[PDB]
Asker: 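Right, I'll just put the structure down here and ask away after.
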Amino acid sequence: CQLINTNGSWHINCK
Amino acid sequence: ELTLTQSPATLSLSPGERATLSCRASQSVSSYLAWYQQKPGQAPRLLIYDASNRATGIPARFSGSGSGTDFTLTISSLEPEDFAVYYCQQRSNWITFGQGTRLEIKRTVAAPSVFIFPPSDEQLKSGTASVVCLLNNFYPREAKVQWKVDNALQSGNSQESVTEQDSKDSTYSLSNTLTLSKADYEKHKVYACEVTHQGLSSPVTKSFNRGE
Amino acid sequence: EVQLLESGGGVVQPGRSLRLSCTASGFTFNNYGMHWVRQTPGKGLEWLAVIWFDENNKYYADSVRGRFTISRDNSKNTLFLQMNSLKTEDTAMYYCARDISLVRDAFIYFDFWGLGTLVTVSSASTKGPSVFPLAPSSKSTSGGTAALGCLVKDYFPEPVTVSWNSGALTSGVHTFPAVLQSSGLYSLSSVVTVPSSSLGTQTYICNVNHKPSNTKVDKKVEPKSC
Ligand SMILES: [Ca+2]
Ligand SMILES: [Ca+2]
Ligand SMILES: [Ca+2]
Ligand SMILES: [Ca+2]
Ligand SMILES: [Ca+2]
């Protein structure tokens, strides 16, 4: 799992 | 980018009353909102997250509601430990906090005792002059202090600070200090502190004349 | 019992470095995102940095990106914030904080905070306070009440402690929060209210102690017999 910030928006992606 | 604005800035209530605190976001945050409690000299504590989800161990009298831009923290029936500062927090876009709502103890209006203190002699040979004005055990906390040098309102040369609410009588005290060089202190002779407060029917003035 | 304890704060000059530690116990540290958050009286709470499960996965606020560095050592359950090129406006209480870290439900919320460690950034030099009496004036209500105190002026850094008569007189004392003057040095007043004619007889001493400069003063406050 990686914590991502896209133009301020947060999400977690897990591979 | 997203500003959270909290209101009221101060809420004055009694144990057992309902408390309703508001948080407004400058743009929609959906439900990505949390509430925190903080008592003086302590860290914040998580109360609610995702707008209405009560954190583990938080009593049932705390509840959160709202979505979009408008949120509320409700304390259904206040207990003495609930008097504190409350912050909302957003995580829809980056992370920002409201500026806080302070929850304080309501009591009867009480007028300040006003005392003025000229600079000590030992301080004057150092070459600076501080005049101290004390407003003692008043309520509510809102009060305006104004210094008049030879009956001229002062501006930009004094600082004040206020005590935390007294835990036994629930009043506040305020100390205000006028800093002048001695050379400009010796130019003028009457020095006055005029205080306006809800508990005084008309502004009160405590003064002295230099050299007495 | 989850616990977070920050250390490393202190007084430093603008442009210098400082490194904060945050020790974690009572939970599986490596399973949680971790944050640094600071607080000032002037502008409240400000989030600074996050580090997630992978130690190279970090984000920062604009105002510290590139000057501060968050890191974690999971074998020591310790979180760090390396603070370079400090400015006076980095003066704050610095909090270690755990992220709720529920990937399925909620994250980027702070479910446990540390005690905080204080960071003061300032050109100033440690200086003991001058202590001046706030004399009980001779124009107060006979058979009434009077106030007196001590002005604790021009010291640095925080804190100072003030007592009256070695602690045997506490009732009616208000020791005010210090204010930072434009000199960069602090000033503070401590007052006490007592009945009016016990002035010309009773001895009142303020005991000021400023441990950073090892200045201990007991100042006697006496009436002005105008
Ligand atoms: Ca989102
Ligand atoms: Ca819950
Ligand atoms: Ca108090
Ligand atoms: Ca930012
Ligand atoms: Ca959710």
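Note: hydrogens, waters and symmetry copies are ignored here, and every other heavy atom, side chains too, is used. Throughout, a chain's letter reflects where its sequence line sits, starting with A, and its residues are numbered from 1.
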Asker: Tell me, which pairs form a disulfide (SG to SG under 2.5 Å) where one or both residues lie in residues 34-69 of chain B, sequence neighbours left out?
Answerer: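 Of all non-adjacent pairs touching residues 34-69 of chain B, none passes disulfide (SG to SG under 2.5 Å).
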
Asker: Show every disulfide (SG to SG under 2.5 Å) that has at least one partner inside residues 25-73 of chain B, sequence neighbours left out.
Answerer: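 Counting only pairs at least two positions apart or across chains, no disulfide (SG to SG under 2.5 Å) contact touches residues 25-73 of chain B.
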
Asker: Note each donor-acceptor pair with a separation under 3.5 Å, taking one atom from chain A and one from chain B.
Answerer:
residue	atom	partner	partner atom	Å
A:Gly8	O	B:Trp94	N	2.8
A:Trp10	NE1	B:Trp94	O	3.1

